[PDB]
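Whatever order the structure lists them in is the order used to number ligands and atoms, beginning at 1. Starting from 1, each residue takes its place in the sequence as its number.
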Amino acid sequence: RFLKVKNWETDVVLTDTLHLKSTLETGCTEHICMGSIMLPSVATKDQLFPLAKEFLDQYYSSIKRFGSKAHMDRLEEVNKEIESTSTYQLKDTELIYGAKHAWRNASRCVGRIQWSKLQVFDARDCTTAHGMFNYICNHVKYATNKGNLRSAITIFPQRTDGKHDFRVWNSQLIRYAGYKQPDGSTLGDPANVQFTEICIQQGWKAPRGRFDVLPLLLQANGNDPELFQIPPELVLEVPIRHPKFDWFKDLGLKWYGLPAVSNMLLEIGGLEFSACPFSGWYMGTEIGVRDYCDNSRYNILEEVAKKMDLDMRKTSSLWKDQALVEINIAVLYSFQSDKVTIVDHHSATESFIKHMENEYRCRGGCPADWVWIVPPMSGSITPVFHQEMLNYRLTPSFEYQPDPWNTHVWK
Ligand code: HEM
Ligand SMILES: CNCc1cncc(-c2cc(C)cc(N)n2)c1
Ligand SMILES: C[C@H](O)[C@H](O)[C@H]1CNc2nc(N)[nH]c(=O)c2N1
Ligand SMILES: [Zn+2]
């Protein structure tokens with residue numbers, strides 16, 4: 001009931017009691033484990049006060065004023081507003097606390113050592129998609145900070161009825177376009193081929209190339225979404241060159257500096273923020289391994305093996321592995337030489353072990369998804385591979401949510 005997690009590289013053990021505060025369900029049962037299932041499984045007023053109370057209790061606990069006068073009054077105050085409105089509004093302080101802890105609780109995030117350094121942009125006074133575009137542009141410019149990337153989150157108005165939803169239809173604020181081809185293949189990013197087509201459906205004029213930044217599709221107050229182009233001076237990009245292979249430039253690769261997830265749902269005190277784009281900085285492997293070498297993404301192991309002079313006939317020549325490493329030395333070196341913040345998977349996973357230590361000490365645990373924390377290359381030479389991790393669902397949290405075009409009642 002007060003479980004132990006072991007590290008099998010250092011023999012360090014830590015005791016988790018934080019999982020006791022866990023509320024939501026994981027997908028696993030006593031007889032089945034779903035730890036590798038990617039996305040395992042209107043809100044009313046009865047359900048809403050426990051969530052408000054549970055959240056307010058931990059917020060007031062956090063400012064070292066649990067159960068004080070200000071707490072019990074805000075408790076009463078929010079209850080009265082859940083009577084009056086069948087919902088309620090967060091204080092600016094509560095919104096920042098909730099957002100920061102939604103990140104802190106993100107068990108799939110290897111970057112949470114930074115969780116308390118999050119810039120929260122309150123966009124709950126937004127009303128149109130144009131306002132969203134403007135808030136998002138300010139977010140992009142801020143979080144980029146000329147390459148000295150700064151983590152940030154912009155929080156659009158909370159869901160009310162359900163048919164009035166603020167949504168960023170993009171899965172990330174900055175993604176490259178994906179166009180299928182007349183010969184059945186794909187240019188750009190195959191992940192975004194549907195979304196690239198939805199933008200064309202809503203009128204986007206596509207410069208059908210590779211690294212064509214997509215336009216924002218922003219839905220405000222449940223209205224049909226509208227297209228907006230992020231001013232290209234706001235989209236910082238890193239040309240990928242290798243520090244050894246001067247044929248790397250001829251590959252002609254580049255990636256954007258700002259990883260900014262825009263399709264998830266922020267839950268705070270039972271309130272649901274359907275549009276809450278949030279950004280940090282990249283870990284090299286996200287670009288160099290997944291974005292570039294996933295079979296259904298850019299799929300570049302092909303050419304990088306070629307220009308390196310590698311035996312590609314035999315599977316066991318590990319030509320794939322060898323070209324994969326050069327690609328990630330190149331992503332890293334390109335970002336570093338440009339002063340664009342990036343972290344390598346060794347430094348990032350070392351910090352997460354350190355972060356885990358701090359969480360178990362001053363918090364009693366750290367929910368963690370091994371399947372997602374372990375980097376997608378060189379897993380066992382990073383320390384998180386050898387670290388047992390308990391996964392559980394704390395709130396405030398970031399949740400997945402349906403793609404908007406599957407759910408939206410158009411017009
Ligand atoms: C500051 C530097 C950060 C680093 C190095 C980092 C690193 C990562 C990485 C590598 C992933 C895996 C993404 C994937 O494999 O698709 C991830 C997931 C995630 N990150 Fe962090 N991140 C950072 C900032 C943030 C911030 C600012 C937030 C929220 C405020 C956040 C919340 C999340 C969430 C919710 C996920 C899992 C959702 C998903 O992508 O499926 N991260 N992070
Ligand atoms: C399913 N996850 C989507 C995704 C794709 N690319 C990048 C990220 C990401 C997001 C953030 C905040 C930081 C980071 N270092 N990376 C998330
Ligand atoms: C099947 C498996 O759950 C799925 O491929 C997961 C594995 N671990 C991952 N880990 C990260 N960081 N990102 C991912 O997209 C995935 N995909
Ligand atoms: Zn399990």
Side-chain angles (χ1 to χ4, degrees), residues 19 25-40 95-121 139 142-143 145 148-155 171-173 175 191 257-268 273 276-291 293-297 331 335 340-352 355 367-377 379 382 384-385 388-401:
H19 72 278
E25 311 204 14
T26 59
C28 305
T29 67
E30 281 90 320
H31 313 94
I32 193 157
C33 174
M34 302 211 147
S36 62
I37 304 300
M38 177 104 77
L39 331 151
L95 191 77
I96 295 164
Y97 173 96
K100 279 174 181 195
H101 281 76
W103 180 10
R104 189 186 193 177
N105 292 341
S107 56
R108 292 184 168 179
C109 173
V110 71
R112 293 176 278 166
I113 205 212
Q114 279 275 13
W115 71 266
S116 74
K117 290 209 61 197
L118 179 66
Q119 180 57 30
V120 179
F121 288 114
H139 177 132
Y142 178 87
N145 188 24
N148 181 20
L149 272 33
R150 298 182 288 202
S151 57
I153 181 177
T154 302
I155 296 175
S171 44
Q172 296 169 37
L173 298 183
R175 297 211 82 175
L258 199 81
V261 168
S262 51
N263 60 351
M264 289 186 78
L265 200 151
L266 171 51
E267 265 208 38
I268 296 170
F273 298 92
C276 53
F278 58 81
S279 57
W281 48 84
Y282 266 116
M283 186 170 67
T285 46
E286 299 180 79
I287 311 164
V289 180
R290 308 304 310 291
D291 290 325
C293 301
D294 262 13
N295 261 334
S296 57
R297 298 294 298 288
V331 176
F335 274 63
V340 183
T341 304
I342 197 166
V343 57
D344 70 66
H345 44 288
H346 306 279
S347 205
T349 58
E350 183 193 353
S351 81
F352 180 80
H355 172 246
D369 190 332
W370 196 100
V371 167
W372 277 63
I373 297 295
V374 173
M377 76 186 289
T382 72
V384 293
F385 183 96
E388 288 168 10
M389 300 166 194
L390 302 174
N391 198 15
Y392 45 89
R393 304 281 263 158
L394 299 183
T395 198
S397 66
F398 293 100
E399 304 298 355
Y400 295 104
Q401 74 187 330

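- Closest of all the heavy-atom pairs between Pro367 and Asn105 is CG-O, 3.8 Å.
- Ligand 1 does not have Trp115 within reach: every non-hydrogen atom of the residue lies 4.0 Å or more from it.
- Other residues, nucleotides and ligands place no more than 12 heavy atoms under 6.0 Å from the CD atom of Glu350.
- Proximity to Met283 (heavy-atom distance under 4.0 Å) selects the following atoms of ligand 1: 10 (C).
- In this structure, the side chain of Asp294 does not engage the main chain of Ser296 through any donor-acceptor pair within 3.5 Å.
- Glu286 places a side-chain N or O within 3.5 Å of a backbone atom of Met283 that can act as its donor or acceptor partner.
- The shortest non-hydrogen separation linking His139 to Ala152 is CE1-O, 3.3 Å.
- When every heavy atom of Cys28 is checked against every heavy atom of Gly35, the shortest pair comes out as SG-N, 4.0 Å.
- Residues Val384 and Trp370 share a closest heavy-atom pair of O-NE1, 3.3 Å.
- Regarding atom 26 (C) of ligand 1, its nearest protein heavy-atom neighbour is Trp103 CE2, 3.4 Å.
- For atom 37 (C) of ligand 1, the closest heavy atom belonging to the protein is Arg108 CB, 4.0 Å.
- Contacts between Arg112 and ligand 1 below 4.0 angstrom, taking non-hydrogen atoms only, are absent altogether.
- One option in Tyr400, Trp281, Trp372 has a heavy atom closer to atom 12 (C) of ligand 1 than any other, and that option is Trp372.
- Residue contacts with ligand 1 include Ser279, since one of its heavy atoms falls under 4.0 Å from the ligand.
- Against a heavy-atom cut-off of under 4.0 Å, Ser151 is close to the following atoms of ligand 1: 27 (C).
- Between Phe398 and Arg393, the shortest heavy-atom contact is O-NH1, 4.3 Å.
- Of the possible polar contacts, one joining the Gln401 side chain to the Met264 backbone as a donor-acceptor pair under 3.5 Å is found.
- For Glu25, the CD atom counts as loosely surrounded, since its 6.0 Å shell holds 12 or fewer non-hydrogen atoms of other residues, nucleotides or ligands.
- The structure places CD1 of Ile373 at 4.0 Å from CZ of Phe352, a figure rounded to the nearest 0.5 Å.
- Ligand 1 has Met264 within reach: a non-hydrogen atom of the residue lies less than 4.0 Å from it.
- In this structure, of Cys109, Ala106, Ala348, the residue bringing a heavy atom nearest to atom 43 (N) of ligand 1 is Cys109.
- Distance from atom 13 (C) of ligand 1 to its nearest protein heavy atom, with residue and atom name: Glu286 OE1, 3.7 Å.
- For a heavy-atom separation below 4.0 Å, the residues in contact with ligand 3 are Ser36, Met38, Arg290, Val371, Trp372.
- Remark: the backbone N or O of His355 is not paired with any side-chain donor or acceptor of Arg112 at under 3.5 angstrom.
- Taking each of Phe352, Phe278, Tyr282, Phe398 in turn, the one with a heavy atom nearest to atom 33 (C) of ligand 1 proves to be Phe278.
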